[PDB]
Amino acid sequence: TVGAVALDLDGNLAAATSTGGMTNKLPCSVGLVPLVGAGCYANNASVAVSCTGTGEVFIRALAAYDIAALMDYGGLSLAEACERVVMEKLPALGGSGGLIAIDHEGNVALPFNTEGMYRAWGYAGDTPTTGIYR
């Protein structure tokens, strides 16, 4: 599973996600990736999200949309909505992984409850920060 989220100069949010799925998976089984609100979500009014982790859990929990729903409806901040979802709600459904998110106000978050998440981010004209562990 790989992903990208962006906020552009004209203030548009977009998310994309792609995968080969999981080693040794049942053929014709479908995980989080192609399901709007599970693998992937973007709304100029809230947040762009791209998720990676146990698909059955990300789908049941609607993780990408649920960031957006917690911020918009629950008045949570990006970092608060990311803590609720990644560090609390998904472990409790027995789900491991993380996501990347950008909100309309250009806040970035890369939460994960796993050992690692291959990840990178930076503002336009700045140098990126990359990461694997933490």
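Basically, rigid core = biggest C-alpha set you can superpose within 1.5 Å across the two forms. So that there is no doubt, residue numbering starts at 1 and follows the sequence shown.
Asks: Hey, after superposing on the core, which one moves around more in 4 other deposited structures of this protein, 17-25 or 106-114, CA-wise?
Replies: Between 17-25 and 106-114, the one lying farther away in 4 other deposited structures of this protein is 17-25.
Asks: Mean C-alpha B-factor higher for 28-36, or for 70-78?
Replies: Of 70-78 and 28-36, the stretch with the higher C-alpha B-factor average is 70-78.
Asks: Test of understanding: from the entry's C-alpha B-factors, which stretch has the higher mean, 2-10 or 123-131?
Replies: If you average the C-alpha B-factors of 2-10 and of 123-131, the larger mean comes out for 123-131.
Asks: Taking the Cα B-factors listed in the entry, which of 48, 90, 99, 62 comes out highest?
Replies: Result of the comparison over 48, 90, 99, 62: 90.
Asks: Test of reading the entry: by CA B factor among the chain's modelled residues, which third contains residue 108?
Replies: Its C-alpha B-factor belongs to the highest third of this chain's values.
Asks: Tell me, lowest, middle or highest third: where does the Cα B factor of residue 114 rank within its chain?
Replies: Answer is middle: the recorded C-alpha B-factor places it there.
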